[PDB]
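S.K.: Input: one structure, supplied below.
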Amino acid sequence: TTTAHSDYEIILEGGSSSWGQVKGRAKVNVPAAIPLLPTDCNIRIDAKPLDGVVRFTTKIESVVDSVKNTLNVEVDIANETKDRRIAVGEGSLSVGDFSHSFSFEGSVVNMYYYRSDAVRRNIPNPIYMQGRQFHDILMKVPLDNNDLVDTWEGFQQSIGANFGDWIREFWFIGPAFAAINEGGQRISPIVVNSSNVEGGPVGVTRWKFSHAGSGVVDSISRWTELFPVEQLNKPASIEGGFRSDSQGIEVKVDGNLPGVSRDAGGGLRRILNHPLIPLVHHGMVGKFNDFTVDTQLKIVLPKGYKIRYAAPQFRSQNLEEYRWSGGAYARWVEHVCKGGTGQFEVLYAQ
Amino acid sequence: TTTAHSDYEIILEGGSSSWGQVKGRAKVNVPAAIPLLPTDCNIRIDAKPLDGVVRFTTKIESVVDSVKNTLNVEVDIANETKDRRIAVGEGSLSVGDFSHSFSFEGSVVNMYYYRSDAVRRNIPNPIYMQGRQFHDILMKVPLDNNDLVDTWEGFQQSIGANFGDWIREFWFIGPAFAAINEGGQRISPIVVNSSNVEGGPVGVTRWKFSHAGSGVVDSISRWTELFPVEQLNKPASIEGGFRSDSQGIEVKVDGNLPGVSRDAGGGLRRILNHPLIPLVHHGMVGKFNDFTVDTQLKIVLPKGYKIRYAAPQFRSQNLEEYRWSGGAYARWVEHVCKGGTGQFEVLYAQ
Amino acid sequence: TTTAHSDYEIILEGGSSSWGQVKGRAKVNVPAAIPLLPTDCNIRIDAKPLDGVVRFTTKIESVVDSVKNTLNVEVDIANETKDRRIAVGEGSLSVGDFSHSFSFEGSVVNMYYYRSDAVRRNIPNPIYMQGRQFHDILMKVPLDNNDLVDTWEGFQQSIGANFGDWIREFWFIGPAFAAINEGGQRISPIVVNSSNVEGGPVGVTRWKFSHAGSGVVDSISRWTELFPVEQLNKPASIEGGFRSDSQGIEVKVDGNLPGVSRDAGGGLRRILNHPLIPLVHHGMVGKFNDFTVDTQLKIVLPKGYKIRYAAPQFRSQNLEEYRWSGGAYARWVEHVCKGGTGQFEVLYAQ
Ligand code: BCL
Ligand code: BCL
Ligand code: BCL
Ligand code: BCL
Ligand code: BCL
Ligand code: BCL
Ligand code: BCL
Ligand code: BCL
Ligand code: BCL
């Protein structure tokens, strides 16, 4: 009855490049867990080297129970140092007949708890890295409508010590709250450094917060890897969409970006370690209907390269094309769709 | 092997009424998760308009590992305003050879975080509403036995800043603790405003606490809807019971109450949005044995009305009777029994 | 396809003894959830009466993604009172080319929240007991290498109020964090009472913390039972090991120790109530692949004794040997492997 069907493919560049074409599609006839359905959404992310600044753009469109929403954001981003990154951007959103814009500037500092060479040198592929990452943000929003004015007013009301504590249940709406802990993540109370109305009027807020993780949170544990600006030698982009309702879900992703593979040391490369948050959080919705898997993965290496290690083992190979399907691989698929994080490692070399 | 069999039926009143007869029965041959079994329980709730005060009564009987417990409570309840409700009641409990009574008075204030007409007007059927709800309670208990005297004494011992913090692991015993977070809920430390012995002696405590939610907690997000006193034009009641052991669980619910359907706007009505907490919390015990579903739902509309929208679609219809079974519906059943919250919406009209 | 096969056996001593031989083996062809695989581990625990002091030894060996680790610890332990236990020990660990030793002394105080005879006398087999357990620790570690010196230095840096708060995401690495709450457990911020370098140099730290639980945490709720020093009339030990990878997991446990059975009152004895933490925490990894069960349990009573109550019922019996397999028992197996805590009670008598 219930079969999840999906197909993935990755085509890698070789040489120095970490770039890969990634394609994914899935279809499964189970209800989505969204308490308002149908829900559809499309997203697209582009990143282009400006000059080491990256202009990163996002556009998101969705319809939730027939209501249309959008979000657009364009941000320039750059690292000041290995621990500190800055961004400046602007964007807007719309929900049905309402919309508003914003602009902001910010800084983020990532900090690992307690780096040690004893670890560095003994663990070939480290995974959990605990740390805390501090956000400092300045944002402005034109109060060009009564809702905005109204909302700014109520915030000012609320803005004592409870404010920055209690805001958390407001910010991580619905099931988002509960996911924080599931990820071994933590969100600090927020601190408002200032809040004012500037010349129409603009509401301007300066505030901060930090989030931490015990190692599963990839945003902290893989801070540098997740922003591979040094390989961004041409535009990258990724697009995805899903349609979902009480009968099924289907989804398509396609993109071209760097970071798909990574040096693994000793002449070898790997497909990058699977990010853990996506597994753990999708693990919260993946266990609601039993299903069988009808899945395939195709990996096409760059010319001349061969897979040196794969567990689960690929099923077939020809020249640079490798395919996985059935067996342990299908068991792994099921496992990860339900929230499992077992390693599926693929190393290759020339 | 493992089949959950269940049957549900709802018979609605028409016109202005939101009332419905609700019947439900389930049987499944899997062990309950209770670490003491067998466990049986029966509960009954009545609500009668006094005058806009409601007298609400609860009687609960259970046997846990052969020990008998009971609980009875009668409370008069009323809203002062849309945000503030008050109650006054009394009751008692028994556990094996021990029992004690109590009486109390209290007030509860519900507060939504940050209502906006921009939302109000754009979202036709809103679901997650974040908020915090403040309880203020005065309770008295006759210290008519040595256990009571003893317990009051130890509380007074404990009553520094830790007290109201640490009490939480005491209050949400066993797996109840962990469920708070699963629900995106939060419970504040308690504050004891006063504690005294009044003329035999009576221990009297005045204390408070608040609980919050990110929108899944229906108690906050659906504060007003959950107390449909305005439709309580005659007594309402509901009764349920379950028997459970290491081999199976069976349960029966039957009731007649208002609030089963609701105006949905535009001439339409709906069966009320499914409350989310019950799904999410039963989701914590629903994934321990695989099972197949053998389920049916029968909805009988009021004369003359027809279903205008149902997803998943009903399976058969005749005159005012509609039935769901198999297919997407059975998949939805499974989904919700495991902790899923996908919408199953049913709208009808004349 | 996916079958978990396992076999358990328990051979009990009779008379006054609570001792039992426990054997367990499992094999299942699903990927482990460890994000680095393969991972293998072996552990052995011995406990010997010194004089009421127990010398307890642990040796753990593992290989994680080809890196070898070890841990050895020998501790003498004793109860001062029913609430307070003390330990003194020493040990060391190694990770690949690095190692370090340590020694410590400590005290642990367990405290139940609010004991009542009204409960004591009415509940024959109590399960959830809320409490908090305070640790006070003194530890020393020779700073005999640069990593150690380096690490001690960074800790001193970090050692304000955040320190003992934030340390938690460091300490409960990866998915360990999230498990605390799943268990209804809580870990307090740590307090450093002192930190110094003593004459090579030795880093010495005195610090404390407490952990609490709502009743599922067995360490608190079963404080005394879990250290059955009074029955330790000869050495006890237990050994276990597992091998795991992306294709399967296999595990073996074998041991001889007291505490396997317990007086149940009224001439009866029981196999001890199943500890709940192991179920709840393994529940976090047990739901990632569907499987069928191929399991058996054999219990061999002491001569002359008979099972007076078993639910689920045993399948076959002969003389003192009882066997469970299939049916409700297999359903129970599945249930507990997925995180279920339903009671499987076995009482016997002569
Ligand atoms: C029965 C098991 C089914 C299954 C059952 C479910 C169910 C049930 C559902 C999904 C859902 C999803 N599934 Mg699944 N799914 C299966 C297998 C798959 C497979 C596959 C085989 O390859 C795929 C590709 C998917 C893909 C998906 C997505 C389409 C969707 C999660 C959307 C998303 O990422 O939300 C990401 C959302 C967020 C990140 C949250 C945003 C909000 C919070 C408030 C924001 C805070 C984050 C932070 C603030 C952001 C700010 C950062 C900026 C830097 C400022 N499923 C299996 C086989 N799947 C869910 C869904 O949406 O369906 C539509 C769902 O309900
Ligand atoms: C403001 C956001 C941060 C950032 C935050 C993160 C986080 C956080 C992560 C990544 C991860 C990755 N990012 Mg980064 N990333 C940024 C900008 C960049 C830029 C760039 C030069 O601008 C590039 C090239 C990348 C590229 C990379 C890849 C190295 C890696 C994804 C690998 C993969 O296979 O994807 C293939 C993609 C898929 C199989 C599915 C993609 C589907 C959709 C299209 C992405 C939506 C994700 C999410 C579920 C929904 C977002 C909801 C938001 C609330 C709106 N990032 C900026 C600086 N990046 C991930 C990783 O694994 O890092 C180690 C990860 O966890
Ligand atoms: C439920 C299904 C699992 C999943 C199961 C699989 C499987 C199975 C495999 C991989 C594999 C890979 N995965 Mg994965 N993967 C998930 C999510 C991600 C995310 C992410 C940011 O969410 C990242 C960056 C990756 C990273 C990648 C690479 C490490 C690797 C090669 C890419 C690939 O095959 O993509 C395939 C593309 C997908 C799996 C699509 C995932 C789409 C996710 C669900 C998000 C969709 C967002 C939605 C469109 C937008 C919502 C936005 C709104 C705000 C709500 N996965 C989801 C959670 N992934 C392959 C691998 O290991 O090769 C060695 C592989 O075999
Ligand atoms: C394998 C999957 C099985 C399944 C496996 C399980 C398992 C396993 C169990 C159940 C259990 C339950 N299942 Mg189920 N169940 C299935 C499908 C069903 C179906 C169906 C098909 O229609 C139904 C109707 C049920 C019904 C039930 C109930 C009989 C029971 C939850 C009792 C309850 O609500 O506790 C509500 C309890 C509370 C609210 C907690 C009270 C204590 C805390 C401390 C109180 C705090 C709340 C707050 C303080 C209250 C104060 C408020 C006042 C205003 C002052 N199951 C599926 C098909 N089900 C559980 C059970 O009890 O079985 C007996 C359980 O163990
Ligand atoms: C002190 C308690 C509060 C209160 C708290 C809540 C909460 C909280 C909720 C409701 C919900 C509802 N309540 Mg109200 N409710 C109160 C008094 C009222 C009165 C009244 C006039 O006195 C009435 C008529 C109602 C009626 C309603 C319905 C609108 C709705 C249930 C719909 C349904 O289909 O049920 C059909 C019933 C079933 C299918 C199963 C019922 C089974 C058993 C019999 C109920 C036990 C529930 C729970 C699991 C066990 C309780 C454990 C306690 C610890 C002891 N409430 C008082 C003021 N009410 C629910 C909802 O959906 O609101 C939007 C909900 O979440
Ligand atoms: C595990 C099974 C799921 C469940 C699955 C279903 C299914 C499936 C459907 C509904 C449907 C409905 N559910 Mg539901 N529903 C659950 C719990 C609830 C609760 C509640 C207070 O717990 C409420 C008020 C409702 C509300 C209702 C309505 C929205 C709707 C019409 C009523 C109906 O069919 O009832 C049916 C009656 C039940 C499902 C019985 C549920 C009994 C719950 C488990 C509590 C029993 C308490 C026990 C006897 C007392 C314990 C007290 C002690 C303190 C421990 N459900 C439980 C958690 N529900 C129907 C719908 O959507 O129509 C459009 C439908 O098809
Ligand atoms: C699909 C369902 C499968 C299944 C899927 C999984 C998956 C998936 C996994 C396991 C894993 C495990 N399974 Mg299982 N498993 C199944 C059924 C079984 C059966 C059986 C049928 O009898 C058995 C015996 C096992 C046995 C096991 C173990 C080999 C392993 C958990 C190791 C451990 O305890 O970590 C205990 C670990 C800790 C306690 C944490 C240590 C770290 C934290 C930081 C320490 C803090 C604690 C505290 C600080 C300690 C200090 C105290 C001192 C007093 C100072 N599984 C079912 C049938 N199983 C997991 C594993 O490891 O596999 C290798 C895993 O990934
Ligand atoms: C410093 C640790 C504490 C302690 C902490 C605990 C905790 C905590 C628990 C026990 C439990 C038990 N302990 Mg004690 N225990 C200590 C010392 C003792 C001594 C002794 C005289 O020295 C003895 C005889 C026992 C014996 C007992 C039994 C009564 C019972 C296990 C019953 C069983 O069937 O096991 C059969 C064993 C198995 C079926 C599987 C055993 C597999 C492996 C070999 C044990 C590893 C467990 C864990 C998953 C991995 C440890 C990871 C650490 C981070 C390194 N403990 C010391 C004082 N003990 C458990 C219980 O049920 O208590 C009520 C429990 O929860
Ligand atoms: C996933 C499987 C479940 C499990 C399912 C079963 C089943 C099924 C049954 C019992 C039964 C028993 N279990 Mg149990 N049990 C689990 C874990 C434990 C733990 C523990 C400290 O972890 C304890 C002390 C016990 C206690 C015992 C007894 C109460 C009872 C008689 C012993 C027996 O049959 O052992 C059997 C031995 C096992 C089940 C092996 C469990 C090994 C656990 C997973 C830990 C392995 C640690 C690993 C080797 C080291 C990791 C260390 C590193 C730090 C990571 N179980 C694990 C979590 N248990 C039997 C019973 O109820 O009889 C009445 C029975 O039928």
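The residues of chain C that appear here are 8-58, 62-169, 173-212, 216-366 by Swiss-Prot count, in order.
Including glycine, each Cβ sits where the backbone N, Cα and C put it.
Take a look at what Swiss-Prot says about it:
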- C:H110: bacteriochlorophyll a 1 binding site (BINDING)
- C:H145: bacteriochlorophyll a 6 binding site (BINDING)
- C:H290: bacteriochlorophyll a 4 binding site (BINDING)
- C:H297: bacteriochlorophyll a 7 binding site (BINDING)
- C:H298: bacteriochlorophyll a 3 binding site (BINDING)
S.K.: State the three-class DSSP label for C:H110 (bacteriochlorophyll a 1 binding site), counting H, G and I as helix, E and B as strand, and everything else as coil.
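M.R.: SS state of C:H110 (bacteriochlorophyll a 1 binding site) = strand.
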S.K.: Looking only at C-alpha atoms, tell me how far C:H290 (bacteriochlorophyll a 4 binding site) is from the residue listed as 'bacteriochlorophyll a 7 binding site', rounded to the nearest Å.
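M.R.: Approximately 13 Å lies between the Cα of C:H290 (bacteriochlorophyll a 4 binding site) and that of the residue listed as 'bacteriochlorophyll a 7 binding site'.
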S.K.: DSSP three-state call for C:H298 (bacteriochlorophyll a 3 binding site): helix, strand or coil?
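M.R.: The three-state answer is helix.
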S.K.: Tell me, how many other CB atoms lie within 10 A of the CB of the residue listed as 'bacteriochlorophyll a 1 binding site', whichever protein chain they belong to?
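M.R.: Other Cβ atoms found within 10 Å: 17.
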S.K.: Including all protein chains displayed, how many Cβ atoms other than that of the residue listed as 'bacteriochlorophyll a 6 binding site' lie within 10 Å of its Cβ?
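M.R.: Around the Cβ of the residue listed as 'bacteriochlorophyll a 6 binding site', 15 other Cβ atoms lie within 10 Å.
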S.K.: Between the residue listed as 'bacteriochlorophyll a 6 binding site' and the residue listed as 'bacteriochlorophyll a 7 binding site', how many Å separate their Cα atoms?
M.R.: 22
S.K.: Mind checking which of C:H290, C:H297, C:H298 has the fewest other CB atoms within 10 A of its CB? They're the binding-site residues.
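M.R.: Selected from the binding-site residues C:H290, C:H297, C:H298 on minimum Cβ neighbours within 10 Å: C:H298.
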S.K.: So 3 residues are missing between C:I169 and C:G173 in the deposited model; what's the C-alpha distance in angstrom?
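M.R.: The gap of 3 missing residues is bridged by a Cα-Cα distance of 6 Å.
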S.K.: For the C-alpha pair, I'd like the distance in angstrom between the residue listed as 'bacteriochlorophyll a 3 binding site' and C:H110 (bacteriochlorophyll a 1 binding site), rounded off.
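M.R.: Roughly 30 Å, rounded to the nearest whole number.
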S.K.: Quick one: pull the CA-CA distance for the residue listed as 'bacteriochlorophyll a 7 binding site' versus C:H110 (bacteriochlorophyll a 1 binding site), whole Å only.
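M.R.: The residue listed as 'bacteriochlorophyll a 7 binding site' to C:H110 (bacteriochlorophyll a 1 binding site), Cα-Cα distance: 29 Å.
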S.K.: Find the Cα-to-Cα distance between C:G212 and C:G216 in angstrom, rounding to a whole number; note that the 3 residues connecting them are absent from the deposited model.
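M.R.: Between the Cα atoms flanking the 3-residue gap there are 6 Å.
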S.K.: Please go through the binding-site residues C:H110, C:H145, C:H290, C:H297, C:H298 one by one and keep those whose C-beta falls under 6 A from any atom of ligand 9; give the result in sequence order.
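M.R.: With ligand 9 as the reference and 6 Å as the Cβ limit, the list reads C:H290, C:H298.
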S.K.: With 3 residues left unmodelled between C:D58 and C:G62, could you check how far apart their Cα atoms sit, in whole angstrom?
M.R.: 5
S.K.: Taking DSSP three-state, what's C:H145 (bacteriochlorophyll a 6 binding site) in: helix, strand or coil?
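M.R.: Assignment for C:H145 (bacteriochlorophyll a 6 binding site) reads strand.
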